[PDB]
Structures are given as C-alpha cells and as structure tokens.
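Chemist: The structure follows.
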Amino acid sequence: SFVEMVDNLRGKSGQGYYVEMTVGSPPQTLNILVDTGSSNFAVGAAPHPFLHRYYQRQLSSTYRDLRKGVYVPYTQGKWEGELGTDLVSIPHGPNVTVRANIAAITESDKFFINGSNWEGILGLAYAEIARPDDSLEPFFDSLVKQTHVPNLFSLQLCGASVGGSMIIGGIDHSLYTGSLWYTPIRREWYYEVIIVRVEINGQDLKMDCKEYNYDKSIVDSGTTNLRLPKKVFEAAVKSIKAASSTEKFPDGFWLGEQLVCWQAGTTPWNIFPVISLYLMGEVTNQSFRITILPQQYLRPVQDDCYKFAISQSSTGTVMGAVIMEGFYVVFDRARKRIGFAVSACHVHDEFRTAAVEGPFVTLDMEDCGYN
Ligand SMILES: CCCN(c1cc2cc(c1)C(=O)N[C@H](CN[C@@H](C(=O)/N=C/C(C)C)[C@H](C)O)Cc1cccc(c1)CCCC2)S(C)(=O)=O
C-alpha cells in the first residue's frame with residue numbers, strides 16, 4: 001500500500017512541494033504544501049487572486065467552529081485566520097479519515113504565490129511551535145492518535161516543475177539505495193539536528209562546531225535553499241568562489257539575486273565544489289556525512305540558467321529542499337531520529353556522486369549544539 005503513495009508530490013521550482021488532500025463533508029479537494037518547518041494545518045478559505053479554489057466551510061456538514069483566531073508568520077509570507085475542525089483525508093495516502101484542526105485563512109500577505117497550484121499548508125513539525133500555542137494539536141499527531149498509522153513519515157523530493165513522494169506511516173525500500181543513516185532529533189519542536197563538521201571539496205572549514213548550529217539547525221521541506229548562519233555562509237561562499245575562480249560572476253549571483261547562464265549543455269559543473277555536511281550519529285563519538293553536488297545548490301530557473309541556492313540566515317541552519325533533493329529522508333518521530341539515504345531519483349554526474357557515508361568518528365559532538 002505504500003506503492004499508492006509513490007509520486008504523490010508535485011510542485012514548481014522554488015515554490016514548495018504539495019500533496020492532494022480533501023477536507024469536509026462532502027470532500028473538498030485541495031492541494032496542500034508539505035512543510036516540516038511549521039506545525040499548523042491551514043487552507044485558503046476566502047477568495048484571493050492567486051487561489052484557484054478554497055475551503056468553503058458553509059458547504060461542509062462536519063465543520064465545527066472553535067471560535068478562535070490565529071496567525072502564523074513564516075520566514076517568507078504570513079496569514080491570519082479562524083480556527084475550526086473538520087474531516088480530512090489524503091487520497092494518495094493512507095486509507096483513513098481523521099478529524100483535524102484547520103485554520104481557515106481569511107487574510108494573508110505574500111503567502112500564496114501567483115500561479116501556484118497549492119491553496120494550503122500542512123505543518124508536519126511538533127506542537128511546541130504551533131500557533132497560537134502548543135494546545136493546538138498538529139495534523140500528524142491527530143492522524144496517529146485516531147488511527148493505526150505508525151508515527152513516522154518519509155519524504156522523497158525529486159528535482160526537475162518538480163515531483164516526489166510522501167510515504168505516510170513507514171519506509172518504502174524501493175525508493176532508496178544503500179543504507180539509511182540516522183541523526184537524532186535533538187528536541188521536538190522544529191526537526192532540529194546537529195551538524196558536527198563541514199567540508200568543501202574535501203577540505204574542513206575548520207570553524208568552531210557551534211557556528212554550524214548557531215541558534216539551531218533544522219530540516220525544513222518548506223524552504224527552498226540551504227540556509228547558513230552569517231559566519232558560516234561567508235566562509236562557504238569564499239571557498240566556493242575560490243574553487244570556481246576560473247570564471248567570474250556578477251556577484252548579485254552569490255547573493256541569489258542574479259541568474260547565471262551558459263549555452264545549453266555547457267554548464268561547467270566541475271568547477272563547483274561538493275559540500276559535505278557531517279551529522280551527529282546514533283552512537284557515542286559517531287557521525288555520518290551527506291554530500292551534495294552543485295546540481296543541487298544551483299537551482300535551474302534559451303540557455304541553461306541557475307540561481308545560487310545557498311543563502312544567509314540569522315536564525316540558524318536551514319536544510320531546505322536543495323539539501324533534501326536526491327535523498328530519501330525518514331522523519332522517524334517514534335524513535336526521535338531523522339534518516340538519510342541516497343534516493344532512487346538522484347542527479348547524475350559522470351564523475352561525482354551525491355552520497356550518504358559512514359560511520360565516522362567525531363569527538364565531543366555535544367559541544368556542537370548551541371545553548
Ligand atoms: C526568503 C526567505 C528564506 N527562503 C525561503 C523560501 C521559501 C519559503 C521559505 C523560506 C519558508 O519560510 N517556508 C515555510 C516553513 N519554514 C520556515 C517557517 O517560517 N516556519 C514557521 C514558524 C514555525 C512560525 C523556517 C522556520 O524558516 C513554509 C512556506 C511558506 C510560504 C511559502 C512556501 C513555504 C513555499 C515555498 C516558498 C519559498 S530561501 C530563499 O529558500 O532561503
């Protein structure tokens with residue numbers, strides 16, 4: 001039955017991944033953003049120039065008003081709405097129907113995207129970061145409590161218009177190769193993890209380990225980029241510039257503002273370095289590494305044109321879609337860990353390969369967590 005959930009994700013580049021859901025009685029079909037960076041389930045419930053359709057509470061016989069307002073601010077965009085509950089199902093997910101908390105979006109600012117094919121968002125993180133507070137039970141918590149669906153889900157995000165898979169309730173072993181490597185979920189709010197080492201083309205950045213998790217490090221499918229804290233970002237860019245010095249770039253490009261183009265099929269992948277992120281492992285003094293290629297952090301946008309998808313953050317490391325793409329990522333809530341493996345959809349490069357490798361020995365990993 002996991003075969004039914006394979007390829008249930010769609011999306012546009014830089015605009016997130018969505019899954020089809022239905023809410024209310026009779027079922028109203030909506031495309032819902034899959035976001036591990038938040039914990040609120042919300043849908044457009046009023047007309048908007050960017051919305052093809054929206055949740056119509058008056059047409060649902062099972063809708064219940066909670067008579068409470070709610071607003072959620074994201075790093076990009078924000079909305080406010082009215083809380084309520086209704087029946088929810090996932091056509092290409094588990095064959096169950098649950099009553100869940102739903103935020104009916106009545107007002108928003110730069111949240112919905114022009115010509116987007118999604119009209120809502122599914123926050124898959126924990127209750128501690130839910131708005132208005134942690135008493136508003138997130139959807140996946142409701143799903144697990146009301147059904148027998150195991151407390152686990154997997155995301156397979158595939159690059160280029162994009163596609164992928166959200167496996168609800170388990171692991172689909174046909175969707176990845178090699179072994180799964182697990183890092184602990186440090187605390188249950190965001191999906192927080194700990195980065196213990198960073199290498200660019202085999203060379204250690206040699207920064208204090210805390211800098212990598214300054215504030216925090218989270219896994220966020222709702223974010224496009226790999227986002228790095230200021231000090232780490234600057235060190236990374238300086239290194240990537242040095243490796244690709246054979247060409248000079250507009251510099252708007254390194255800030256993600258300007259595109260860069262080459263004649264079709266002539267992109268010089270070889271001049272851009274591979275990046276290895278070492279994550280805390282499951283046993284003492286043990287870590288593992290995930291390696292990403294330039295094909296991942298150079299997002300495609302008639303030449304072949306790209307935008308630099310590594311950007312700066314003031315709120316810690318964000319491992320976004322560029323990082324997740326090419327990998328099978330298991331959000332094992334039951335065992336408080338996140339697993340990584342090479343995806344069945346991986347970008348092919350003739351000379352280099354994205355990888356998940358271990359074990360490695362890394363001493364004093366606890367000192368890497370920010371406090
Ligand atoms: C421009 C800001 C940074 N970047 C970025 C880009 C894009 C989105 C996001 C963030 C982004 O912030 N996404 C959120 C979830 N992640 C954040 C969050 O805010 N969590 C909420 C707190 C718990 C209260 C995380 C903590 O930063 C969901 C969401 C919301 C509107 C649209 C989309 C997804 C679809 C894709 C659009 C591109 S980027 C360019 O990739 O570096």
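Each chain of the structure tokens is named A, B, ... in the order shown, its residues numbered from 1; ligands are numbered from 1 in display order.
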Among stretch 69-290 of chain A, which ones does DSSP assign to strand (DSSP E) (computed from the backbone)? Answer as JSON, numbers by chain.

Modeler: {"A": [69, 70, 71, 72, 73, 78, 79, 80, 81, 82, 83, 84, 85, 86, 87, 88, 89, 97, 98, 99, 100, 101, 102, 103, 104, 105, 106, 107, 108, 109, 120, 121, 122, 123, 153, 154, 155, 156, 157, 158, 162, 163, 164, 165, 166, 167, 168, 176, 177, 178, 179, 180, 181, 182, 183, 184, 195, 196, 197, 198, 199, 200, 203, 204, 217, 218, 219, 226, 227, 228, 229, 260, 261, 262, 275, 276, 277, 278, 279, 280, 286, 287, 288, 289, 290]}

Chemist: To check your reading of the model: which residues sit at most 8 Å from ligand 1 when counting only C-alpha atoms and all ligand atoms? Write the answer as a PyMOL selection string.

Modeler: chain A and resi 14-17+33+35-39+72-78+110-113+121+129-131+190+218+220-227+309-313+315+318+320

Chemist: Can you pull out every residue within 8 Å of stretch 92-106 of chain A, counting only C-alpha atoms, but drop anything in the same chain fewer than 4 positions away, and send it as a count of residues only?

Modeler: 37

Chemist: Please list as a PyMOL selection string every residue within 12 Å of stretch 245-260 of chain A, counting only C-alpha atoms and excluding residues in the same chain fewer than 6 positions away.

Modeler: chain A and resi 224-227+233-234+236-239+267-273+297-301+303-313

Chemist: Write the residues of the selection above to a file with N, CA and C atoms, as an mmCIF file, in the first residue's frame.

Modeler:
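Writing done, so here's selection_7.cif:
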data_model
loop_
_atom_site.group_PDB
_atom_site.id
_atom_site.type_symbol
_atom_site.label_atom_id
_atom_site.label_comp_id
_atom_site.auth_asym_id
_atom_site.auth_seq_id
_atom_site.Cartn_x
_atom_site.Cartn_y
_atom_site.Cartn_z
ATOM 1 N N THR A 224 13.298 26.568 0.277
ATOM 2 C CA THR A 224 13.936 26.190 -0.978
ATOM 3 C C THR A 224 15.419 25.899 -0.776
ATOM 4 N N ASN A 225 16.099 26.820 -0.100
ATOM 5 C CA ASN A 225 17.557 26.833 -0.041
ATOM 6 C C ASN A 225 18.210 26.045 1.086
ATOM 7 N N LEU A 226 19.523 25.897 0.967
ATOM 8 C CA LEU A 226 20.365 25.601 2.106
ATOM 9 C C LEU A 226 20.733 26.946 2.731
ATOM 10 N N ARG A 227 20.216 27.209 3.924
ATOM 11 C CA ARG A 227 20.459 28.483 4.582
ATOM 12 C C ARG A 227 21.484 28.315 5.699
ATOM 13 N N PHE A 233 28.066 31.028 6.276
ATOM 14 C CA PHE A 233 27.741 31.373 4.895
ATOM 15 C C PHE A 233 28.917 32.060 4.200
ATOM 16 N N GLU A 234 29.517 33.028 4.884
ATOM 17 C CA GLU A 234 30.624 33.787 4.322
ATOM 18 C C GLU A 234 31.837 32.898 4.077
ATOM 19 N N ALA A 236 31.734 29.679 3.531
ATOM 20 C CA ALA A 236 31.373 28.752 2.460
ATOM 21 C C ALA A 236 31.492 29.412 1.094
ATOM 22 N N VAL A 237 30.940 30.616 0.973
ATOM 23 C CA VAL A 237 30.969 31.364 -0.283
ATOM 24 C C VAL A 237 32.397 31.664 -0.726
ATOM 25 N N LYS A 238 33.235 32.070 0.222
ATOM 26 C CA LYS A 238 34.636 32.353 -0.072
ATOM 27 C C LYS A 238 35.325 31.111 -0.638
ATOM 28 N N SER A 239 34.978 29.948 -0.101
ATOM 29 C CA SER A 239 35.571 28.701 -0.561
ATOM 30 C C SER A 239 35.049 28.308 -1.942
ATOM 31 N N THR A 267 27.182 23.794 -18.995
ATOM 32 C CA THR A 267 27.375 24.225 -17.610
ATOM 33 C C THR A 267 28.630 23.558 -17.066
ATOM 34 N N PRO A 268 29.564 24.357 -16.529
ATOM 35 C CA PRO A 268 30.834 23.818 -16.030
ATOM 36 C C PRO A 268 30.715 23.277 -14.611
ATOM 37 N N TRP A 269 30.027 22.151 -14.455
ATOM 38 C CA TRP A 269 29.774 21.590 -13.130
ATOM 39 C C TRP A 269 31.074 21.341 -12.371
ATOM 40 N N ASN A 270 32.112 20.936 -13.096
ATOM 41 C CA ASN A 270 33.372 20.532 -12.481
ATOM 42 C C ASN A 270 34.061 21.634 -11.671
ATOM 43 N N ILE A 271 33.780 22.896 -11.982
ATOM 44 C CA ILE A 271 34.442 23.993 -11.280
ATOM 45 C C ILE A 271 33.769 24.325 -9.948
ATOM 46 N N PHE A 272 32.571 23.786 -9.738
ATOM 47 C CA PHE A 272 31.857 23.970 -8.481
ATOM 48 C C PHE A 272 32.102 22.769 -7.567
ATOM 49 N N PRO A 273 32.428 23.035 -6.297
ATOM 50 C CA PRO A 273 32.827 22.005 -5.333
ATOM 51 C C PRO A 273 31.664 21.207 -4.749
ATOM 52 N N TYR A 297 22.718 22.699 -5.380
ATOM 53 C CA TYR A 297 22.687 24.067 -4.859
ATOM 54 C C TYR A 297 22.760 25.135 -5.954
ATOM 55 N N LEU A 298 22.673 24.701 -7.208
ATOM 56 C CA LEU A 298 22.460 25.609 -8.332
ATOM 57 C C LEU A 298 21.099 25.281 -8.928
ATOM 58 N N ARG A 299 20.082 26.028 -8.510
ATOM 59 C CA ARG A 299 18.711 25.733 -8.896
ATOM 60 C C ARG A 299 18.393 26.269 -10.291
ATOM 61 N N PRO A 300 17.873 25.398 -11.169
ATOM 62 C CA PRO A 300 17.530 25.789 -12.542
ATOM 63 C C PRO A 300 16.340 26.749 -12.562
ATOM 64 N N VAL A 301 16.471 27.828 -13.328
ATOM 65 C CA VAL A 301 15.423 28.837 -13.435
ATOM 66 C C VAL A 301 15.123 29.239 -14.880
ATOM 67 N N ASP A 303 19.225 29.464 -22.902
ATOM 68 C CA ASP A 303 20.382 28.880 -22.233
ATOM 69 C C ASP A 303 19.993 28.054 -21.011
ATOM 70 N N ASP A 304 20.982 27.442 -20.368
ATOM 71 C CA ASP A 304 20.751 26.827 -19.067
ATOM 72 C C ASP A 304 21.122 27.851 -17.999
ATOM 73 N N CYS A 305 20.130 28.239 -17.204
ATOM 74 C CA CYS A 305 20.286 29.318 -16.237
ATOM 75 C C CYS A 305 20.032 28.856 -14.813
ATOM 76 N N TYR A 306 20.789 29.411 -13.875
ATOM 77 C CA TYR A 306 20.702 28.979 -12.490
ATOM 78 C C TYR A 306 20.722 30.139 -11.500
ATOM 79 N N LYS A 307 20.159 29.890 -10.322
ATOM 80 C CA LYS A 307 20.271 30.793 -9.188
ATOM 81 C C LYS A 307 21.014 30.066 -8.067
ATOM 82 N N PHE A 308 21.900 30.785 -7.387
ATOM 83 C CA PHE A 308 22.659 30.242 -6.266
ATOM 84 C C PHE A 308 21.714 29.977 -5.087
ATOM 85 N N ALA A 309 21.504 28.704 -4.750
ATOM 86 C CA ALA A 309 20.501 28.329 -3.749
ATOM 87 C C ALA A 309 21.102 28.061 -2.374
ATOM 88 N N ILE A 310 22.220 28.719 -2.093
ATOM 89 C CA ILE A 310 22.770 28.771 -0.748
ATOM 90 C C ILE A 310 22.681 30.221 -0.298
ATOM 91 N N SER A 311 21.997 30.457 0.814
ATOM 92 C CA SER A 311 21.783 31.824 1.264
ATOM 93 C C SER A 311 22.018 31.989 2.765
ATOM 94 N N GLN A 312 22.024 33.241 3.200
ATOM 95 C CA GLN A 312 22.371 33.587 4.568
ATOM 96 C C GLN A 312 21.158 33.555 5.494
ATOM 97 N N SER A 313 21.402 33.218 6.756
ATOM 98 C CA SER A 313 20.351 33.191 7.767
ATOM 99 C C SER A 313 20.820 33.813 9.075
#

Chemist: Between A:228, A:261, A:338, A:355, which one has atoms that come closest to residue A:153, using only C-alpha atoms?

Modeler: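 Answer, going by the shortest atom-to-atom distance: A:338.
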
Chemist: Enumerate the residues of stretch 103-261 of chain A with a DSSP assignment of helix (DSSP H, G or I), computed from the backbone, and present them as an MDAnalysis selection string.

Modeler: chainID A and resid 127:129 139:146 173:175 209:212 230:243 253:255

Chemist: Mind checking which residues fall within 9 Å of stretch 194-210 of chain A, counting only C-alpha atoms, ignoring those fewer than 2 positions away in the same chain, and posting them as a ChimeraX atom specification?

Modeler: /A:183-186,192,212-218,232,235-236,239-240,243,272-280,287,289,362,365-370

Chemist: Please list as a short mmCIF file (atom, residue, chain, number, x, y, z; two decimals) with N, CA, C and O atoms, in the first residue's frame every residue within 12 Å of residue A:159, counting only C-alpha atoms and excluding residues in the same chain fewer than 2 positions away.

Modeler:
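Written out: out_35.cif:
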data_model
loop_
_atom_site.label_atom_id
_atom_site.label_comp_id
_atom_site.auth_asym_id
_atom_site.auth_seq_id
_atom_site.Cartn_x
_atom_site.Cartn_y
_atom_site.Cartn_z
N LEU A 9 3.62 13.63 -4.83
CA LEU A 9 4.02 15.02 -4.64
C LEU A 9 4.29 15.71 -5.97
O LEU A 9 4.85 15.12 -6.89
N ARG A 10 3.89 16.97 -6.06
CA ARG A 10 4.15 17.80 -7.24
C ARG A 10 4.57 19.18 -6.77
O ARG A 10 4.53 19.48 -5.57
N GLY A 11 4.98 20.04 -7.70
CA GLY A 11 5.31 21.41 -7.36
C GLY A 11 6.06 22.17 -8.44
O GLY A 11 6.41 21.61 -9.47
N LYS A 12 6.25 23.47 -8.21
CA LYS A 12 7.09 24.29 -9.08
C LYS A 12 8.36 24.65 -8.34
O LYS A 12 8.34 24.84 -7.12
N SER A 13 9.45 24.76 -9.08
CA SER A 13 10.77 25.05 -8.51
C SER A 13 10.75 26.35 -7.71
O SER A 13 10.31 27.38 -8.21
N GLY A 14 11.19 26.27 -6.46
CA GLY A 14 11.26 27.43 -5.59
C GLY A 14 9.93 27.81 -4.96
O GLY A 14 9.82 28.85 -4.31
N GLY A 16 7.89 25.20 -3.33
CA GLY A 16 7.48 24.12 -2.44
C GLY A 16 6.91 22.89 -3.13
O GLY A 16 6.68 22.88 -4.34
N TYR A 17 6.68 21.85 -2.34
CA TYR A 17 6.05 20.61 -2.80
C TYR A 17 4.67 20.46 -2.17
O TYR A 17 4.50 20.77 -0.99
N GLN A 156 10.57 11.90 -0.21
CA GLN A 156 11.48 11.77 -1.33
C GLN A 156 11.24 12.93 -2.29
O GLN A 156 10.34 12.88 -3.11
N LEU A 157 12.07 13.96 -2.20
CA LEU A 157 11.92 15.12 -3.06
C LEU A 157 12.82 14.99 -4.28
O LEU A 157 14.03 14.81 -4.15
N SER A 161 9.14 22.81 -12.56
CA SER A 161 8.23 21.70 -12.27
C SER A 161 8.97 20.51 -11.67
O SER A 161 9.95 20.03 -12.22
N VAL A 162 8.49 20.05 -10.52
CA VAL A 162 9.17 19.03 -9.73
C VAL A 162 8.19 17.95 -9.27
O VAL A 162 6.98 18.10 -9.42
N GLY A 163 8.72 16.85 -8.73
CA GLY A 163 7.88 15.78 -8.23
C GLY A 163 8.51 15.06 -7.06
O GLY A 163 9.65 15.33 -6.70
N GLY A 164 7.78 14.11 -6.47
CA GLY A 164 8.32 13.36 -5.35
C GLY A 164 7.32 12.48 -4.63
O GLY A 164 6.21 12.27 -5.11
N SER A 165 7.70 11.98 -3.46
CA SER A 165 6.86 11.06 -2.70
C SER A 165 6.82 11.41 -1.21
O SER A 165 7.84 11.72 -0.59
N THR A 224 13.30 26.57 0.28
CA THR A 224 13.94 26.19 -0.98
C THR A 224 15.42 25.90 -0.78
O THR A 224 15.93 24.85 -1.19
N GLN A 295 24.77 20.43 -8.70
CA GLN A 295 23.48 20.24 -9.35
C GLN A 295 22.33 20.44 -8.36
O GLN A 295 21.19 20.65 -8.76
N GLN A 296 22.66 20.40 -7.08
CA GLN A 296 21.66 20.58 -6.04
C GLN A 296 21.58 22.04 -5.57
O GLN A 296 20.47 22.55 -5.39
N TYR A 297 22.72 22.70 -5.38
CA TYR A 297 22.69 24.07 -4.86
C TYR A 297 22.76 25.14 -5.95
O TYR A 297 22.87 26.33 -5.66
N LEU A 298 22.67 24.70 -7.21
CA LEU A 298 22.46 25.61 -8.33
C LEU A 298 21.10 25.28 -8.93
O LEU A 298 20.96 24.34 -9.71
N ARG A 299 20.08 26.03 -8.51
CA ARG A 299 18.71 25.73 -8.90
C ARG A 299 18.39 26.27 -10.29
O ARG A 299 18.61 27.45 -10.57
N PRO A 300 17.87 25.40 -11.17
CA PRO A 300 17.53 25.79 -12.54
C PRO A 300 16.34 26.75 -12.56
O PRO A 300 15.34 26.52 -11.87
N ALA A 321 14.96 22.30 0.59
CA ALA A 321 14.70 21.36 -0.50
C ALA A 321 15.93 20.97 -1.31
O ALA A 321 16.07 19.81 -1.70
N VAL A 322 16.84 21.92 -1.53
CA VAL A 322 18.07 21.65 -2.27
C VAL A 322 18.91 20.57 -1.59
O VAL A 322 19.59 19.79 -2.25
N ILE A 323 18.86 20.54 -0.26
CA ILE A 323 19.56 19.53 0.52
C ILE A 323 18.78 18.21 0.47
O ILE A 323 19.36 17.15 0.30
N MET A 324 17.46 18.28 0.64
CA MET A 324 16.65 17.07 0.70
C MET A 324 16.55 16.35 -0.66
O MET A 324 16.40 15.13 -0.72
N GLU A 325 16.66 17.11 -1.75
CA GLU A 325 16.51 16.56 -3.10
C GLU A 325 17.68 15.63 -3.40
O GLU A 325 18.83 15.99 -3.16
N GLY A 326 17.40 14.44 -3.92
CA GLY A 326 18.47 13.49 -4.15
C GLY A 326 18.60 12.51 -2.99
O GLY A 326 19.31 11.52 -3.09
N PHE A 327 17.90 12.78 -1.89
CA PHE A 327 17.99 11.90 -0.72
C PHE A 327 16.60 11.44 -0.29
O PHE A 327 15.60 12.10 -0.55
N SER A 343 18.66 8.69 -2.66
CA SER A 343 17.36 8.50 -3.31
C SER A 343 17.42 7.77 -4.65
O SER A 343 18.44 7.79 -5.33
N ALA A 344 16.31 7.15 -5.04
CA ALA A 344 16.21 6.50 -6.34
C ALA A 344 16.19 7.56 -7.45
O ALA A 344 16.49 7.26 -8.61
N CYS A 345 15.77 8.76 -7.10
CA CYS A 345 15.92 9.87 -8.00
C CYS A 345 17.10 10.63 -7.46
O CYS A 345 16.98 11.36 -6.48
N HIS A 346 18.24 10.47 -8.11
CA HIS A 346 19.37 11.26 -7.77
C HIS A 346 19.89 11.86 -9.00
O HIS A 346 19.71 11.32 -10.08
N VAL A 347 20.51 13.01 -8.88
CA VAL A 347 21.01 13.69 -10.06
C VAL A 347 22.29 13.01 -10.50
O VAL A 347 23.13 12.74 -9.68
N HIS A 348 22.43 12.76 -11.79
CA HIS A 348 23.58 12.03 -12.28
C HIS A 348 24.65 12.93 -12.74
O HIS A 348 24.42 13.86 -13.51
#
